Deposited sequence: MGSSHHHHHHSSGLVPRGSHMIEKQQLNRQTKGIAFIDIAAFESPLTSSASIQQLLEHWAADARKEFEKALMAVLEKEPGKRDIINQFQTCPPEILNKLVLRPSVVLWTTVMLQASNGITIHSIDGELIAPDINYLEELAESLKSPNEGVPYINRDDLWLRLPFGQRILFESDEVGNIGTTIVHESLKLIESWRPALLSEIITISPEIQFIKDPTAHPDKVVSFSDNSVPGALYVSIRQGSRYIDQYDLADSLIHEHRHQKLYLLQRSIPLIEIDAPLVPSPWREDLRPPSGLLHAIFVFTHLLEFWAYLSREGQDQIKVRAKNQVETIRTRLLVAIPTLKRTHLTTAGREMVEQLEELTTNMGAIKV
């Protein structure tokens, strides 16, 4: 009924991947991928700064703040989710290309964002992962379809996030460090169309580095384990976005493959993102089923059985797809982790 049948793909005729997977051995690989991405993003940001000066030459004094800015600060600034979206929308607007939010609304290029962006350089040291910061260029890709929690709602959510991050740190301190480097922004969302008891968490690569997690289950708040699951789930997408940017994993994103997590046929890259996400959540709930409290051991044992079953069905499905050399190396490493935990 829904369908995706017009695919133009009816033409079917340099880093350690294994070390990148585990947070213990990924530190160097991530730094290497971030340096390559920041090299392209600095040029893109400079191109956007020149486009701002063409429309409004009066913005020259605002642009001057970045000119003398140290490259160490500038390299971290151009990779922020809100900055990447602003730079992308800005460059596409100059090429006559429109960018829209999920609700079909046009994301207008705002020159006045540079003034807010320049004033951020006057206080560089802030919280390691930015918990529910008020930034329109983080809310823009969703428009009105997704609501952003604020005030008392955000105040309570910050404390639950702190306990989820402390829980993640107790399991793997290397994964918390990985979260600070790849996913530095945590936004609190609420899906009005979703069922109150459903935990909603999503990620978009138009804003890379921002994790959108729901803290409210109706009027009630979710717990530190479910919120840590949501944070790890979206962090794994952000981590794979970084790898895909430089080292492609899928040679041909067709034909569509079935996923144990979706009813419809999803592309091979989507199933790779799903296995990459759920491999880390299988390891998280495996730790909670052994070294966790007696109250969590019931839910954790259910999650291990549910996730391992789905992973053991998705991995063979993905193996018979157009995977690159790096993509196949990733699948074989994720399969090894699922097998060594049965």
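Asker: Which runs of the deposited chain sequence never show up in the coordinates?
Answerer: Going by the record, the segments left unmodelled (no C-alpha atoms) fall at 14-35, 365-368.
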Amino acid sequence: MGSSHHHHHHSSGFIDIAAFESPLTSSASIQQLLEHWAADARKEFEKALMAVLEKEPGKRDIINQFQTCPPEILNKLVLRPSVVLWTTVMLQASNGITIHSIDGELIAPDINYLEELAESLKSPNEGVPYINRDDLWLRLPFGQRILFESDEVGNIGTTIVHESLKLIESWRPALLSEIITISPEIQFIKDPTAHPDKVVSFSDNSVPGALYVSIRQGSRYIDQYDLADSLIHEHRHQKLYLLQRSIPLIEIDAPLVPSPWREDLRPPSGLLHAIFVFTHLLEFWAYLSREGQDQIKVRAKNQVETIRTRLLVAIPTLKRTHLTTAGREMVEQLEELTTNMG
From here on, numbers count along this sequence of modelled residues.
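Asker: Between 248-256 and 124-132, which has the higher average C-alpha B-factor in the PDB entry?
Answerer: Looking at the record's C-alpha B-factors, the answer is 124-132.
Asker: Comparing 279-287 with 39-47, where is the mean C-alpha B-factor higher?
Answerer: Stretch with the greater average CA B-factor: 279-287.
Asker: Splitting the chain's C-alpha B-factors into thirds, which one does residue 271 fall into?
Answerer: According to the entry, residue 271 has a C-alpha B-factor in the chain's lowest third.
Asker: Taking the entry's C-alpha B-factors for this chain, is residue 236 in the lowest, middle or highest third?
Answerer: Lowest third - that is where residue 236 ends up once the chain's C-alpha B-factors are sorted.
Asker: Ranked by Cα temperature factor within the chain, is residue 206 in the lowest third, the middle third or the highest third?
Answerer: Residue 206: CA B-factor falls in the lowest third of its chain.
Asker: Please place residue 137 in the lowest, middle or highest third of its chain by C-alpha B factor as given in the entry.
Answerer: As the PDB entry reports it, the C-alpha B-factor of residue 137 lands in the lowest third of its chain.
Asker: By its CA B factor, does residue 195 count among the lowest, middle or highest third of the modelled residues in the chain?
Answerer: Highest third - that is where residue 195 ends up once the chain's C-alpha B-factors are sorted.
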